Amino acid sequence: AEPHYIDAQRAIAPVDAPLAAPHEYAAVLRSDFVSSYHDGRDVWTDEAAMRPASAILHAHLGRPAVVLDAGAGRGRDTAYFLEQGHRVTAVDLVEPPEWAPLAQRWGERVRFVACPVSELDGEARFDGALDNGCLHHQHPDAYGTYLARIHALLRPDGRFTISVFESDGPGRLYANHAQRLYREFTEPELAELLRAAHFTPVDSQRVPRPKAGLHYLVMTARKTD
Ligand SMILES: Nc1ncnc2c1ncn2[C@@H]1O[C@H](CSCC[C@H](N)C(=O)O)[C@@H](O)[C@H]1O
Ligand SMILES: O=c1[nH]c(=O)c2ncnnc2[nH]1
């Protein structure tokens, strides 16, 4: 494992020190994202390679439905889903100014919540859920509770689409200069994680990130029977 650029601006290096506890990490996590969005360093928002994941989830739904956008950012994917006729709930640690014009365009068809995914209450409220680059920044000790919440929020025939950094070789854990964590996955590793969280993968796609010289791994799953 060696340091490498993960996006236009940020180099990430393998973690070697002991990880901050999940409680302290949640603060490191929010701090980097609010600074990145404030500064306009959310280079993922306009990355072309980020667009296929939402179309992939819709393809697995096949009809207008009720969709959770987990870690929705500025709302690009939320807008995409709303244009397909979905009712969308968009959730993020950081509320960007773009949520207001989205609310003005789509009215009651969109709901925004500025909270952690883990805070979302309810069960069996969604037909689909999109995680477009959120899970792979969580504390590893929080993967299970994060995925369990998504699992509980989906209806029995729900579909979950998740996009992660694809690893070259066995995936490892990295951190950026702000100490935000980055996990890269191989397809077997991501499939193993979803299966352990009681999801059954039904699709996976290697989405090129041409300007970054990398790939996203975009996997779609149903609940395990
Ligand atoms: N535990 C958590 N709960 C909710 N949102 C989270 C989170 N951890 C990270 N995030 C949010 O997840 C996003 C990852 S960046 C990807 C943003 C968006 N999905 C897009 O496609 O452009 C950031 O907006 C970050 O604020
Ligand atoms: O720092 C980040 N850079 C990225 O390119 C990215 N892409 C998807 N999700 N999170 C990201 N975080």
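We did not get these values from a lab; they are worked out from the coordinates using the rules stated. No Cβ is skipped: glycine too gets one built from the backbone with ideal geometry, and neighbour counts run over all protein chains shown.
Key figures for this structure:
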read-out: Selection count, the stretch 81-99, where residues are away from ligand 2 (no atom under 16 Å from the Cβ) and over 11 Å from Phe112 (Cβ atoms); value: 8
read-out: Every residue from the stretch 205-225 that is polar (S, T, N, Q) and surrounded by fewer than 16 Cβ atoms within 10 Å (Cβ to Cβ); value: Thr224
read-out: Conditions (1) assigned to a strand (DSSP E or B); (2) more than 22 Å from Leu68 (Cα to Cα); number of the one not met by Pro170; value: (1)
read-out: Cβ-Cβ under 7 Å pairs, at least 6 apart or on other chains, the stretch 114-137 side of a type in the set (D, E, K, R), far side in a loop (DSSP other than H, G, I, E, B) and within 7 Å of ligand 1 (Cβ to nearest atom); value: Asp131/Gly71
read-out: Residue check for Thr145: polar (S, T, N, Q), surrounded by fewer than 19 Cβ atoms within 10 Å (Cβ to Cβ), over 14 Å from the mean Cα position of the chain (by Cα) and closer than 20 Å to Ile56 by Cβ; value: no
read-out: Residues located in the stretch 143-156, provided they are more than 8 Å from ligand 1 (Cβ to nearest atom) and part of a helix (DSSP H, G or I); value: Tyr143, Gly144, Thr145, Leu147, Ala148, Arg149, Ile150, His151, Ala152, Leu153
read-out: From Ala142, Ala100, residue being closer than 27 Å to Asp46 by Cα and of a type in the set (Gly, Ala, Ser); value: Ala100
read-out: Positions within the stretch 197-224 being within 14 Å of ligand 2 (Cβ to nearest atom) and either closer than 17 Å to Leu154 by Cβ or in contact with an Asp or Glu (Cβ under 9 Å, 6 or more places away or on another chain) (or both), in sequence order; value: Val207, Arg209, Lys211, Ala212, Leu214, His215, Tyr216, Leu217, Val218
read-out: Enumeration of residues in the stretch 1-23 that are among the charged types (D, E, K, R) and more than 14 Å from ligand 1 (Cβ to nearest atom); value: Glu2, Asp16
read-out: Out of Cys134, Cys115, sole residue that is farther than 17 Å from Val164 by Cα and near ligand 1 (Cβ under 9 Å from one of its atoms); value: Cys115
read-out: Conditions (1) free of Cβ contacts under 8 Å to residues at least 40 places away in the same chain; (2) in contact with a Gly (Cβ under 7 Å, 6 or more places away or on another chain): number failed by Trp106; value: (2)
read-out: Lone unmet requirement of (1) exposed (fewer than 14 other Cβ atoms within 10 Å of the Cβ); (2) of a type outside the set (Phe, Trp, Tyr); (3) without any contact (Cβ under 8 Å) to a residue 60 or more places away in the chain; (4) within 11 Å of ligand 2 (Cβ to nearest atom) for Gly62; value: (4)
read-out: Members of the stretch 49-59 found to be of a type in the set (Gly, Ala, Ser) and free of Cβ contacts under 8 Å to residues at least 40 places away in the same chain, listed by number; value: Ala55, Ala59
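Yes or no, residue by residue, for (1) within 18 Å of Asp203 (Cβ to Cβ); (2) part of a strand (DSSP E or B); (3) within 13 Å of ligand 1 (Cβ to nearest atom):
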residue	(1), (2), (3)
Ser36	no, no, yes
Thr45	no, no, yes
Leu57	yes, no, yes
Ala72	no, no, yes
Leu82	no, no, no
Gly85	no, no, no
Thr89	no, yes, yes
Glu95	no, no, yes
